[PDB]
Amino acid sequence: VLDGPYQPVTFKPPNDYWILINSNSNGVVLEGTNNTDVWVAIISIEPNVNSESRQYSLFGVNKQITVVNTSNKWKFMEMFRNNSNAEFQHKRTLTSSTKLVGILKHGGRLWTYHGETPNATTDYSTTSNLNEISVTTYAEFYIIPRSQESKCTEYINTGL
Ligand SMILES: CC(=O)N[C@H]1[C@H](OC[C@H]2O[C@@H](O[C@H](C)[C@H](N)C(=O)O)[C@H](NC(C)=O)[C@@H](O[C@@H]3O[C@H](CO)[C@H](O)[C@H](O)[C@H]3O)[C@H]2O)O[C@H](CO)[C@@H](O)[C@@H]1O
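Method of determination, as given in the entry header: X-ray crystallography; reported resolution: 1.9000 Å.

The protein has the name Outer capsid protein VP4 in the PDB entry, where Human rotavirus A is given as its organism. Per the PDB record, the entry is named "Crystal structure of P[19] rotavirus VP8* complexed with mucin core 2".

This brings us to the overall build of the protein. Summing up its helical and strand segments, the protein has one helix and 14 strands in all. Relative to its length of 160 residues, the protein is compact, with a C-alpha radius of gyration of 15 Å against a globular reference of 15 Å. Projecting the C-alpha coordinates of the protein onto the three principal axes gives extents of approximately 40 × 35 × 25 Å. Expressed as a percentage of the 160 residues in the protein, the buried residues total 49%. For the protein, contacts bridging at least 24 residues in sequence account for 62% of all contacts bridging at least 6.

Residues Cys152, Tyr155, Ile156 and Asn157 constitute the buried set of helix α1 (residues 149-158). Residues of α1 that are buried make contact with β3 (17-22), β9 (89-96), β10 (100-106), β11 (109-116) and β14 (141-145). One or two positions beyond α1, positive phi appears at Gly159, with a value near 115 degrees.

Inspection of the region around the ligand gives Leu104, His106, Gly107, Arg109, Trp111, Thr122, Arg146 and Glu149 as its neighbouring residues. Contact distances for the ligand include 3.0 Å between an oxygen atom and a backbone N or O atom of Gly107. Contact distances for the ligand include 2.6 Å between an oxygen atom and a side-chain N or O atom of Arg146. Elements supplying a minimum of two residues to the shell around the ligand: β10 and β11. A per-class count over the shell around the ligand returns two nonpolar, three polar and three charged.

All told, the structure shown has five aromatic pairs when counted by the stated rule. Centre to centre, the rings of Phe59 and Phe88 are 5.9 Å apart; their planes meet at 10 degrees, and the pair counts as stacked. One end of the pair, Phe59, is in the loop between β6 (49-58) and β7 (61-69); the other, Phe88, is in the loop between β8 (74-81) and β9, with 29 residues separating them in the sequence. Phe59 gets classed as partly exposed once you look at its relative accessible area, which sits at 25%. Taking the relative accessible area as the measure of exposure, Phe88 reaches 12% and is therefore buried. An aromatic cluster of at least three residues, connected via ring pairs, comprises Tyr6, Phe11 and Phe141.

The subject of this paragraph is the side chain of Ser125. Checked against the element boundaries, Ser125 lands in strand β12 (residues 121-126). Looking at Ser125, the relative accessible area reads 2%, which means it is buried. One polar contact links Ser125 to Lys91, side chain to side chain, over a distance of 2.8 Å.

What counts, and where the lines are drawn
Residues numbered from 1 in each chain as written, not as in the entry; some residues may be left out. Heavy atoms only, no water. Helix = DSSP H or I, 4+ residues; strand = E, 2+ residues; numbered from the N terminus. Rg over C-alpha atoms; globule rule 2.2 N^0.38 Å. Buried < 20%, exposed > 50% of the residue type's maximum accessible area, 1.4 Å probe, protein only. Contact = heavy atoms within 4.5 Å. Near = heavy atom within 4 Å. Polar contact = N/O pair within 3.5 Å; in protein donor to acceptor, adjacent residues only side chain to side chain. Nonpolar A, V, L, I, M, F, W, Y, C, P; charged D, E, K, R; others polar. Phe/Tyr/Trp six-rings, centres within 6.5 Å; stacked < 30°, edge-to-face > 60°.

In structure tokens:
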């Protein structure tokens with residue numbers, strides 16, 4: 001009885017709900033911003049990719065990122081910046097057999113998962129304008145209350 005799946009859309013996630021995205025494919029999985037101090041994008045790289053340059057459109061703008069993933073797992077790079085004049089930088093990585101990606105607004109912070117399945121964990125970026133963060137998803141997603149975060153963490157790590 002999952003709350004979803006919902007099709008790709010731009011929306012403003014409410015505080016204290018996990019958005020859990022079920023990416024089947026490579027490319028941008030999600031991007032979000034409050035236009036002040038957060039811009040984030042999660043980029044998907046398929047298994048067994050040797051080093052190459054690839055293009056991604058972030059907030060309507062083309063960016064070249066060199067990628068690599070010699071794992072049998074999928075790789076999700078979290079790209080980040082805290083100013084509109086700065087370039088995106090690689091902040092964190094989630095290496096996943098499940099292909100599920102999470103984002104949550106809670107407690108003054110923006111949360112994602114990083115590390116490697118089945119031991120992926122949450123970490124944050126800080127913002128002074130949390131409520132104004134909107135996201136665009138590029139794949140189906142589900143919505144899971146923070147009160148059920150252990151269930152979300154299980155899905156991230158072991159699959160729907
Ligand atoms: C350890 C833990 O529970 N971690 C959670 C994570 O919790 C996020 C919150 O971390 C707080 O600090 C912990 C819980 C301590 N009690 C503490 O006070 O240090 C943050 N407190 C800070 C930064 O001082 C808290 O932030 C506050 O939240 C309240 C209401 O939630 C209010 O918004 C305040 O303005 C704000 O300062 C949280 O950031 O949550 C993640 C995501 O669910 C879990 O994965 C993780 O396990």
